[PDB]
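What follows is one structure encoded as C-alpha cells, with my remarks underneath.
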Amino acid sequence: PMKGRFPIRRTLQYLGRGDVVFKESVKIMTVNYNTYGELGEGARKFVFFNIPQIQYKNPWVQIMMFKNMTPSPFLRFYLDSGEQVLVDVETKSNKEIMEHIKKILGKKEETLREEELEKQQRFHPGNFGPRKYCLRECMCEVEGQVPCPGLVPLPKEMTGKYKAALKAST
Amino acid sequence: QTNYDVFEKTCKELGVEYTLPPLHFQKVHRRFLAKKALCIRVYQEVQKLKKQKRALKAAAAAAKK
Amino acid sequence: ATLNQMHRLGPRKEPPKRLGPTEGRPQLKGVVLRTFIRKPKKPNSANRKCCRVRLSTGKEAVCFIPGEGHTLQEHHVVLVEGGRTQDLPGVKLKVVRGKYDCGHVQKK
Amino acid sequence: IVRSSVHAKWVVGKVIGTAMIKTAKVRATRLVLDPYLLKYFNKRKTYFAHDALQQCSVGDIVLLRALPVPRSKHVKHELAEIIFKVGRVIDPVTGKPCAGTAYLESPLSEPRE
Amino acid sequence: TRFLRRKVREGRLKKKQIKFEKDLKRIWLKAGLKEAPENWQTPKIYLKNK
RNA sequence: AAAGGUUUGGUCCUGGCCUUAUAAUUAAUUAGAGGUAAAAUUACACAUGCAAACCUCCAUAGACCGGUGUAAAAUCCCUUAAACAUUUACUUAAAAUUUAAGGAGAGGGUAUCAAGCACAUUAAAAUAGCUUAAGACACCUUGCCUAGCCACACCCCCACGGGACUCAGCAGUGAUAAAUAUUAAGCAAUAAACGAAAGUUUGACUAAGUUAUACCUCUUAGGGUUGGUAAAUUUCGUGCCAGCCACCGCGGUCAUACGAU
RNA sequence: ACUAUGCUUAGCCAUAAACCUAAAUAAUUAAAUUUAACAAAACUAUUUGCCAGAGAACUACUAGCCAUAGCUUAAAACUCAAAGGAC
RNA sequence: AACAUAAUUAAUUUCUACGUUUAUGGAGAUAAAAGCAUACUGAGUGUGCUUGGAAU
Ligand code: FES
Ligand SMILES: [K+]
Ligand SMILES: [K+]
Ligand SMILES: [K+]
Ligand SMILES: [K+]
Ligand SMILES: [K+]
Ligand SMILES: [Mg+2]
Ligand SMILES: [Mg+2]
Ligand SMILES: [Mg+2]
Ligand SMILES: [Mg+2]
Ligand SMILES: [Mg+2]
Ligand SMILES: [Mg+2]
Ligand SMILES: [Mg+2]
Ligand SMILES: [Mg+2]
Ligand SMILES: [Mg+2]
Ligand SMILES: [Mg+2]
Ligand SMILES: [Mg+2]
Ligand SMILES: [Mg+2]
Ligand SMILES: [Mg+2]
Ligand SMILES: [Mg+2]
Ligand SMILES: [Mg+2]
C-alpha cells in the first residue's frame, strides 16, 4: 500500500491533470490559509489537492504557503511588472478556487496549442538519424531503395572489391 | 508572532528579557572552545596589523603631499 | 519509514560487490611453488591435490588441481580460474586443464 | 534600466537574521518534486537583501527585488516590501489589524484612527 | 594486559595533544602571523587536569 | 519474476545465499565459405616509415580532422553580457562559434569527516558578521551530458623556466597482461586546407587485409550434460579410495551423483 | 566471628530484563477481518527515532567525558549457508 | 624598473629586473531456579531489579 492519505496525489497521471498554466507574468503565488475553521475548508483542500498540480505545470513559480496568520484565507499573486493580485477564497470550494485563478491568470487553450506545435517545428519525418531523434536511421530502410549490405548482399558489380579486380585485369 | 504590541509591554512590565532562538546549535567541548578562541584572537591581531599599516601608509602619503 | 524519512535518506545504500580470488578477472597466471595435499572438511574424507602459486598480481594463493592425476612440479606455469572448492576451506581457485604446462587429464 | 540576470527577479521569504548593517538575511522556500516519491518538499535558499532603512525584524515576511547590479558578492536583492510584519499583520482582505485568526479591530467598525 | 592499556592510553593521549597543538600552529601561520597571538598558550586539555 | 532450491524430529514464521533469463570479455574443445558491424591489457618505453600543405613571392592553413580518459564531483539545464583567431551581406545586420559573469532546479561516496577559521556586511571606511546535521569543511573514488559534449597532448596541475626529453596520429616493436588487426592501397567518392581557376594535398576518409566478438545467407557437426532444483544413463570398474559439486549433496562392495562404456 | 558496604552530610560515577521486552498522539469496532503462532482483540492516520543474513563484535580504532579495567559512539578483513523466532 | 628623441611625407626607442599521509595481544581452520547491572574473589558469594522459573 502506498503510504500517506490519498496516495493517488503521488502519481504522474494525477499531477498531469492540472489545467492551470500561469501566464509568463506570474512569478510568485503565496497561499494564506487557516488549519482550523469552517469557512476555510475549501482553501485547505486547495492546498491538499491542487497546489501539487499547480507546481507541476509551473515549475519556475515560487509557491510559498503561510498558516494561521490572518482571519481569512486568500491567494496573492506577484507579477513580473510589480502588480500584486489579491484573491479571496473564503467560503469557496477548491474547484471554484482553481477555476477563478485559471480565468484571471491562466493561459488560454489556444495559446498553449501554438507553443506545442512550435516546439516540434524542427522535427521532420523525412529527416534521417538516430532513433531518439528520427524515424529512420538510413535510406536502406525505405521500401524500393537499395537494402543494407549487411541484411542483403550487394551485387558483385556494385562492390569495390569486384571493381578493383577488373581495373587490375584491364 | 501574533500581537507584538502586547509582547513589548508584557516584557517591559514583567521585566522579562526575551532572546530569539539561535538558528544553529553550537556544540561545546574543551577542544572546540580552545580552537575557537584562538581563531578569534588570530583574526583580531591580523586586522589590528592592517589598521596600523593603513595609518602608516596614509601618514607617509600625507607628508609627501 | 515515513515519506519525510524516505525523502531525507533517498535510495538505500548499496555496498560495492566484493572482489573474489581472481580480483574481478576471468583468469590469472601463476607459477607453481609447492604441491601438497589438503584434507576436506568432515564428513568428506579424501586427499585433494592442490598447489600453492604466486599469481601475476604478486600474491600467493592455493589452487585446487582438478582431474585424476597431474604432472605439475615447482616452477611450472599454470592458468588459474575462479570457482571455490566446497569441501576444501580457503581454496577459491582452480587450475585450467590444457593450458601452459598443465595438460589435459590423460584418459587411460 | 536593464533588469538583473538572476532568475529570481522576485523572491518571497522570511527574515531569519538582521545582524548585518543595512542587510537582512532572508530564507525563501520553493517546492521541489521528489522523483522517487512524486511528492513536493521545501527546498530553502538564503538571500541577502539590502535593507536601506533597517526596517526589518526577524520572522517577518518580505518581498525582495533583484538589483540590476550586484551590490556585493552575496547582496543581489533589495527589500521591495514587508508583506507581513512580525506580530503586526494587517489583513489584506479587510484591512483591519489582526492577531492570528482573529481581528484586533472588528471589520464592522470604522475606527479610522 | 591492563598495564599496557594504561601505557597505550597515556601515549595515545600525548599524540592527541600534539595533534591539537600542531593544528593550532597551522592556523596562525597560514593567517600570516609569525608568532602565536600575544598572551596565548595552547591549553593542555588531555592531561590529568581534573 | 508467474517463480524455484536450501535452516527443523516435525509444522509455521522470519531471513540470507543459490538456481532458472539476458549480455560482454577471456579461456578449454571444435569448425567451410560468403555479406556486415566491431576491434580494446597498460597515460609503460619506443627502432623505422609516413600522417599539412598550398601558391606568381605577400598571405592563408598546419588552432581542424585524428587520438586518449590525464585531471577534476568535477556536471546538467538556464540567465545575462561581450566578443571571434569567423562567414555572408552592408560599409553596416543577419548568422554560426566561443568567452566571461552568474543561478529556478537537478547532480557519487564516507558523519568514526562535526565544526569550517575570514570563509561577511557597510563604504564617513565602520559593524561582528559569513557557511553548517535541510550535511559546511575534510578525505576518497569517478570522464558524462551521448546526433554528441567535456578534459588532456612526455613530465613539472600551468610552462618564463626546469627535467626522468615525446607515437594517448596510422602502421609496427619491446616489456607487461587472462587479453594478440596491415610496419597495407588510393585521394576515384564525401569532408577539410589552399588557390581567381584548371587543380594540388590529406594514415580524415574510401575500397581492401586480418580475427567465430556479434548479426544475416548457406552448408559440414561439434560441445556439453544426464541424483534433485532441471530436459535426459545402460552395463562394468572403484569401495569415504580415486574423484565429483552453483546450492543441497555423492563415494566406507546391489554408485541413476566418481571413471569407462 | 568480623570488614568494605548498606546510613548521614558535602563531590563524583551514568549503568539495569532502566521491561508493561508495548514509541507518543487522535481515531474506529465495521470492513461478512484468528489474516502465521504464542503474548495483549484487531485495524487506521500522523510525527520522530531505529533496523536491513550470521559469527568476527555490548570488539578494534576515532571522538566526548572529575570516569584511567570504565562510560557513550562504533567498523573492516575474515568465514561460512545458514543464523533466529513461535509451536 | 618604465625616460626621452623627433616632427614642412612621418616615425623611432622606451614599454624592466612548516606540517601531512602510506608502507617495510585479539579473533578464526584441518583433527594430525535462570537471567540483567555491578563489586569482590573465583563460575562462588554480596546489593538492587526482571519472569523469558515455580508456587492453593
Ligand atoms: S544501415 Fe543503411 S545501408 Fe546499412
Ligand atoms: K527462501
Ligand atoms: K577459446
Ligand atoms: K596535463
Ligand atoms: K578525394
Ligand atoms: K553430440
Ligand atoms: Mg579467444
Ligand atoms: Mg575529434
Ligand atoms: Mg582518472
Ligand atoms: Mg608515450
Ligand atoms: Mg602540460
Ligand atoms: Mg598507435
Ligand atoms: Mg603526436
Ligand atoms: Mg580481443
Ligand atoms: Mg598514401
Ligand atoms: Mg575558394
Ligand atoms: Mg558398482
Ligand atoms: Mg559417470
Ligand atoms: Mg562497618
Ligand atoms: Mg574507526
Ligand atoms: Mg525496574
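Just so we're on the same page: first chain in the C-alpha cells is A, next is B, and so on; residues restart at 1 for each chain, and ligands are numbered from 1 in the order they show up.
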Write down, as number ranges by chain, each residue of chain A that has any atom within 12 Å of an atom of chain G, counting only C-alpha atoms (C1' of nucleotides). A: 3-6
Produce a file of the selected residues containing C-alpha atoms, as a short mmCIF file (atom, residue, chain, number, x, y, z; two decimals), in the first residue's frame.
data_model
loop_
_atom_site.label_atom_id
_atom_site.label_comp_id
_atom_site.auth_asym_id
_atom_site.auth_seq_id
_atom_site.Cartn_x
_atom_site.Cartn_y
_atom_site.Cartn_z
CA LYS A 3 1.92 5.47 2.16
CA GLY A 4 0.01 8.58 3.17
CA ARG A 5 -3.57 9.67 2.61
CA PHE A 6 -4.88 9.90 -0.95
#
Report as CSV: every residue of chain F with an atom at most 8 Å from ligand 3, its closest pair of atoms, and their distance in Å to one decimal, counting only C-alpha atoms (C1' of nucleotides) and all ligand atoms, with rows sorted by chain and ascending residue number.
residue,atom,partner,partner_atom_place_in_ligand_line,distance
F:26,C1',ligand 3,1 (K),7.9
F:27,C1',ligand 3,1 (K),5.4
F:28,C1',ligand 3,1 (K),6.5
Excluding same-chain residues fewer than 5 positions from segment 155-158 of chain A, what lies within 12 Å of it counting only C-alpha atoms (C1' of nucleotides), as a list in words? residues 146, 147, 148, 149, 163, 164, 165 and 166 of chain A; 34, 35 and 207 of chain F
With only C-alpha atoms (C1' of nucleotides) and all ligand atoms counted, collect every polymer residue having an atom within 8 Å of ligand 19; state the result as a list in words. residues 3, 4 and 5 of chain G
Counting only C-alpha atoms (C1' of nucleotides), what is within 10 Å of residue 21 of chain E, bar same-chain residues fewer than 2 positions away, as a PyMOL selection string? (chain B and resi 35) or (chain E and resi 15-19+23-26+41-44)
Quick one: write out the picked residues with N, CA and C atoms as a PDB file, in the first residue's frame?
ATOM      1  N   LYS B  35      40.110  26.043  20.334  1.00  0.00           N
ATOM      2  CA  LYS B  35      40.400  26.392  18.947  1.00  0.00           C
ATOM      3  C   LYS B  35      39.594  27.606  18.502  1.00  0.00           C
TER       4      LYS B  35
ATOM      5  N   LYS E  15      49.949  11.902  21.918  1.00  0.00           N
ATOM      6  CA  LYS E  15      49.849  12.174  20.489  1.00  0.00           C
ATOM      7  C   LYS E  15      48.610  13.005  20.186  1.00  0.00           C
ATOM      8  N   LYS E  16      47.524  12.764  20.923  1.00  0.00           N
ATOM      9  CA  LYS E  16      46.303  13.537  20.733  1.00  0.00           C
ATOM     10  C   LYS E  16      46.516  15.004  21.081  1.00  0.00           C
ATOM     11  N   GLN E  17      47.410  15.289  22.029  1.00  0.00           N
ATOM     12  CA  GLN E  17      47.716  16.672  22.379  1.00  0.00           C
ATOM     13  C   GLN E  17      48.602  17.324  21.324  1.00  0.00           C
ATOM     14  N   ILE E  18      49.608  16.599  20.832  1.00  0.00           N
ATOM     15  CA  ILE E  18      50.499  17.158  19.820  1.00  0.00           C
ATOM     16  C   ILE E  18      49.720  17.484  18.554  1.00  0.00           C
ATOM     17  N   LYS E  19      48.795  16.604  18.164  1.00  0.00           N
ATOM     18  CA  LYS E  19      47.951  16.893  17.009  1.00  0.00           C
ATOM     19  C   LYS E  19      47.110  18.137  17.249  1.00  0.00           C
ATOM     20  N   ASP E  23      47.704  21.577  15.055  1.00  0.00           N
ATOM     21  CA  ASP E  23      46.584  22.152  14.318  1.00  0.00           C
ATOM     22  C   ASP E  23      46.399  23.626  14.648  1.00  0.00           C
ATOM     23  N   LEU E  24      46.722  24.030  15.878  1.00  0.00           N
ATOM     24  CA  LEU E  24      46.611  25.435  16.250  1.00  0.00           C
ATOM     25  C   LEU E  24      47.738  26.264  15.648  1.00  0.00           C
ATOM     26  N   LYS E  25      48.926  25.677  15.500  1.00  0.00           N
ATOM     27  CA  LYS E  25      50.034  26.396  14.880  1.00  0.00           C
ATOM     28  C   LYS E  25      49.777  26.622  13.397  1.00  0.00           C
ATOM     29  N   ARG E  26      49.153  25.649  12.730  1.00  0.00           N
ATOM     30  CA  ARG E  26      48.842  25.802  11.314  1.00  0.00           C
ATOM     31  C   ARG E  26      47.965  27.025  11.070  1.00  0.00           C
ATOM     32  N   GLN E  41      48.648  30.650  25.182  1.00  0.00           N
ATOM     33  CA  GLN E  41      49.357  29.407  25.455  1.00  0.00           C
ATOM     34  C   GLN E  41      48.377  28.263  25.261  1.00  0.00           C
ATOM     35  N   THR E  42      48.670  27.385  24.306  1.00  0.00           N
ATOM     36  CA  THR E  42      47.750  26.308  23.977  1.00  0.00           C
ATOM     37  C   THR E  42      47.346  25.562  25.248  1.00  0.00           C
ATOM     38  N   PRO E  43      46.052  25.452  25.550  1.00  0.00           N
ATOM     39  CA  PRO E  43      45.646  24.731  26.761  1.00  0.00           C
ATOM     40  C   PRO E  43      45.925  23.241  26.647  1.00  0.00           C
ATOM     41  N   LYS E  44      46.389  22.658  27.750  1.00  0.00           N
ATOM     42  CA  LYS E  44      46.603  21.216  27.841  1.00  0.00           C
ATOM     43  C   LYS E  44      45.285  20.593  28.283  1.00  0.00           C
TER      44      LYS E  44
END
Residue 51 of chain F surroundings by only C-alpha atoms (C1' of nucleotides), 9 Å radius, close-in-sequence under 2 positions cut, as a PDB file with N, CA and C atoms (P, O5', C5', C4', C3', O3' and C1' of nucleotides), in the first residue's frame:
ATOM      1  P     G F 169      48.831   9.902 -30.173  1.00  0.00           P
ATOM      2  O5'   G F 169      48.298   9.682 -31.656  1.00  0.00           O
ATOM      3  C5'   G F 169      46.944   9.940 -31.985  1.00  0.00           C
ATOM      4  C4'   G F 169      46.739   9.983 -33.476  1.00  0.00           C
ATOM      5  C3'   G F 169      46.930   8.663 -34.205  1.00  0.00           C
ATOM      6  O3'   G F 169      45.776   7.843 -34.161  1.00  0.00           O
ATOM      7  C1'   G F 169      48.111  10.374 -35.334  1.00  0.00           C
ATOM      8  P     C F 170      45.917   6.258 -33.955  1.00  0.00           P
ATOM      9  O5'   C F 170      46.328   5.723 -35.393  1.00  0.00           O
ATOM     10  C5'   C F 170      45.481   5.919 -36.514  1.00  0.00           C
ATOM     11  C4'   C F 170      46.107   5.387 -37.776  1.00  0.00           C
ATOM     12  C3'   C F 170      46.715   3.998 -37.682  1.00  0.00           C
ATOM     13  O3'   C F 170      45.759   2.961 -37.782  1.00  0.00           O
ATOM     14  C1'   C F 170      48.244   5.441 -38.740  1.00  0.00           C
ATOM     15  P     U F 202      49.046  13.191 -50.127  1.00  0.00           P
ATOM     16  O5'   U F 202      48.158  13.134 -48.809  1.00  0.00           O
ATOM     17  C5'   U F 202      48.678  13.579 -47.566  1.00  0.00           C
ATOM     18  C4'   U F 202      47.581  13.831 -46.562  1.00  0.00           C
ATOM     19  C3'   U F 202      46.614  12.685 -46.325  1.00  0.00           C
ATOM     20  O3'   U F 202      47.128  11.696 -45.453  1.00  0.00           O
ATOM     21  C1'   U F 202      45.401  14.687 -46.600  1.00  0.00           C
ATOM     22  P     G F 203      47.309  10.182 -45.948  1.00  0.00           P
ATOM     23  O5'   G F 203      46.128   9.395 -45.226  1.00  0.00           O
ATOM     24  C5'   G F 203      45.687   9.780 -43.929  1.00  0.00           C
ATOM     25  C4'   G F 203      45.541   8.604 -42.997  1.00  0.00           C
ATOM     26  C3'   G F 203      45.803   8.930 -41.531  1.00  0.00           C
ATOM     27  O3'   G F 203      44.990   8.109 -40.696  1.00  0.00           O
ATOM     28  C1'   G F 203      47.357   7.316 -42.256  1.00  0.00           C
TER      29        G F 203
END
Could you write out, as a PyMOL selection string, all the residues of segment 3-53 of chain D that DSSP marks as strand (DSSP E)? chain D and resi 10-17+23-33+40-50
Taking only C-alpha atoms (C1' of nucleotides) into account, report as a PyMOL selection string which residues of chain C lie within 8 Å of chain F. chain C and resi 25-29+44-46+67-68+79+86+96-99
Identify, counting only C-alpha atoms (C1' of nucleotides) and all ligand atoms, the protein, DNA and RNA residues located within 7 Å of ligand 9, and give them as a ChimeraX atom specification. /F:69-71
Let's have the selection written as a PDB file, in the first residue's frame, with N, CA and C atoms (P, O5', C5', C4', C3', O3' and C1' of nucleotides).
ATOM      1  P     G F  69      41.516   5.277 -22.962  1.00  0.00           P
ATOM      2  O5'   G F  69      41.357   6.370 -21.813  1.00  0.00           O
ATOM      3  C5'   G F  69      42.440   6.700 -20.949  1.00  0.00           C
ATOM      4  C4'   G F  69      42.097   7.863 -20.047  1.00  0.00           C
ATOM      5  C3'   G F  69      41.017   7.577 -19.007  1.00  0.00           C
ATOM      6  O3'   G F  69      41.243   8.366 -17.839  1.00  0.00           O
ATOM      7  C1'   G F  69      40.270   9.277 -20.454  1.00  0.00           C
ATOM      8  P     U F  70      42.465   8.033 -16.852  1.00  0.00           P
ATOM      9  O5'   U F  70      43.464   9.251 -17.065  1.00  0.00           O
ATOM     10  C5'   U F  70      44.858   9.096 -16.862  1.00  0.00           C
ATOM     11  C4'   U F  70      45.533  10.429 -16.678  1.00  0.00           C
ATOM     12  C3'   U F  70      44.971  11.308 -15.571  1.00  0.00           C
ATOM     13  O3'   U F  70      45.430  10.953 -14.279  1.00  0.00           O
ATOM     14  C1'   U F  70      45.208  12.591 -17.528  1.00  0.00           C
ATOM     15  P     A F  71      44.392  10.880 -13.054  1.00  0.00           P
ATOM     16  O5'   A F  71      43.985  12.399 -12.803  1.00  0.00           O
ATOM     17  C5'   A F  71      44.968  13.377 -12.498  1.00  0.00           C
ATOM     18  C4'   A F  71      44.443  14.775 -12.707  1.00  0.00           C
ATOM     19  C3'   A F  71      43.251  15.177 -11.851  1.00  0.00           C
ATOM     20  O3'   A F  71      43.627  15.606 -10.555  1.00  0.00           O
ATOM     21  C1'   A F  71      42.842  15.769 -14.104  1.00  0.00           C
TER      22        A F  71
END
Work out how far apart atom CA of residue 46 of chain A and atom CA of residue 107 of chain A are and give it in Å to one decimal.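 Taking atom CA of residue 46 of chain A and atom CA of residue 107 of chain A, their separation equals 19.7 Å.
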Measuring atom to atom with only C-alpha atoms (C1' of nucleotides), identify which of A:84, A:170, A:58, A:70 is nearest to chain F. A:58
Taking only C-alpha atoms (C1' of nucleotides) and all ligand atoms and a cut-off of 12 Å, can you tell me which residues surround ligand 4, written as a PyMOL selection string? chain F and resi 43+70-72+151-159+168
Residues of chain A no more than 12 Å from chain B, counting only C-alpha atoms: send them over as a PDB file with C-alpha atoms, in the first residue's frame.
ATOM      1  CA  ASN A  68      -2.869  30.736  10.614  1.00  0.00           C
ATOM      2  CA  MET A  69      -1.539  34.253  10.008  1.00  0.00           C
ATOM      3  CA  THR A  70      -4.830  36.018   9.191  1.00  0.00           C
ATOM      4  CA  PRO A  71      -8.526  35.525   9.985  1.00  0.00           C
TER       5      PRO A  71
END
At most 10 Å to chain C: residues in chain G, only C-alpha atoms (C1' of nucleotides), as a PDB file with N, CA and C atoms (P, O5', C5', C4', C3', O3' and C1' of nucleotides), in the first residue's frame:
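And here is the file that came out, out.pdb:
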ATOM      1  P     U G  46      -0.650   9.325   7.157  1.00  0.00           P
ATOM      2  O5'   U G  46      -0.116  10.227   8.350  1.00  0.00           O
ATOM      3  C5'   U G  46      -0.490  11.591   8.437  1.00  0.00           C
ATOM      4  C4'   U G  46      -0.108  12.190   9.764  1.00  0.00           C
ATOM      5  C3'   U G  46       1.369  12.168  10.103  1.00  0.00           C
ATOM      6  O3'   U G  46       2.093  13.203   9.462  1.00  0.00           O
ATOM      7  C1'   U G  46       0.124  11.446  11.974  1.00  0.00           C
ATOM      8  P     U G  47       3.476  12.890   8.711  1.00  0.00           P
ATOM      9  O5'   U G  47       4.575  13.104   9.840  1.00  0.00           O
ATOM     10  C5'   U G  47       4.641  14.328  10.555  1.00  0.00           C
ATOM     11  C4'   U G  47       5.406  14.179  11.845  1.00  0.00           C
ATOM     12  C3'   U G  47       6.689  13.371  11.773  1.00  0.00           C
ATOM     13  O3'   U G  47       7.777  14.089  11.222  1.00  0.00           O
ATOM     14  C1'   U G  47       5.450  12.679  13.647  1.00  0.00           C
ATOM     15  P     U G  48       8.922  13.313  10.407  1.00  0.00           P
ATOM     16  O5'   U G  48       9.894  12.771  11.542  1.00  0.00           O
ATOM     17  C5'   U G  48      10.586  13.677  12.384  1.00  0.00           C
ATOM     18  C4'   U G  48      10.985  13.041  13.691  1.00  0.00           C
ATOM     19  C3'   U G  48      11.990  11.906  13.614  1.00  0.00           C
ATOM     20  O3'   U G  48      13.325  12.349  13.438  1.00  0.00           O
ATOM     21  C1'   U G  48      10.238  11.307  15.077  1.00  0.00           C
ATOM     22  P     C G  50      18.206   7.531  14.007  1.00  0.00           P
ATOM     23  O5'   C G  50      17.989   5.959  14.131  1.00  0.00           O
ATOM     24  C5'   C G  50      18.360   5.270  15.315  1.00  0.00           C
ATOM     25  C4'   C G  50      17.722   3.907  15.394  1.00  0.00           C
ATOM     26  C3'   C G  50      18.048   2.950  14.261  1.00  0.00           C
ATOM     27  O3'   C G  50      19.316   2.335  14.405  1.00  0.00           O
ATOM     28  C1'   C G  50      15.727   2.894  14.699  1.00  0.00           C
ATOM     29  P     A G  52      21.199  -2.776  10.423  1.00  0.00           P
ATOM     30  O5'   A G  52      20.738  -3.687   9.206  1.00  0.00           O
ATOM     31  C5'   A G  52      20.274  -5.012   9.434  1.00  0.00           C
ATOM     32  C4'   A G  52      19.600  -5.581   8.215  1.00  0.00           C
ATOM     33  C3'   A G  52      20.441  -5.543   6.940  1.00  0.00           C
ATOM     34  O3'   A G  52      20.203  -6.713   6.158  1.00  0.00           O
ATOM     35  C1'   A G  52      18.444  -4.315   6.610  1.00  0.00           C
ATOM     36  P     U G  79      38.201 -16.099   3.999  1.00  0.00           P
ATOM     37  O5'   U G  79      37.038 -17.087   4.451  1.00  0.00           O
ATOM     38  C5'   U G  79      37.302 -18.158   5.344  1.00  0.00           C
ATOM     39  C4'   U G  79      36.121 -18.436   6.240  1.00  0.00           C
ATOM     40  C3'   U G  79      34.817 -18.780   5.537  1.00  0.00           C
ATOM     41  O3'   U G  79      34.751 -20.135   5.129  1.00  0.00           O
ATOM     42  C1'   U G  79      34.407 -17.160   7.204  1.00  0.00           C
ATOM     43  P     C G  80      34.520 -20.508   3.583  1.00  0.00           P
ATOM     44  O5'   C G  80      32.949 -20.740   3.476  1.00  0.00           O
ATOM     45  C5'   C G  80      32.351 -21.897   4.038  1.00  0.00           C
ATOM     46  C4'   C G  80      31.414 -21.548   5.168  1.00  0.00           C
ATOM     47  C3'   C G  80      29.936 -21.512   4.821  1.00  0.00           C
ATOM     48  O3'   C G  80      29.355 -22.804   4.818  1.00  0.00           O
ATOM     49  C1'   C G  80      30.506 -19.606   6.113  1.00  0.00           C
TER      50        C G  80
END
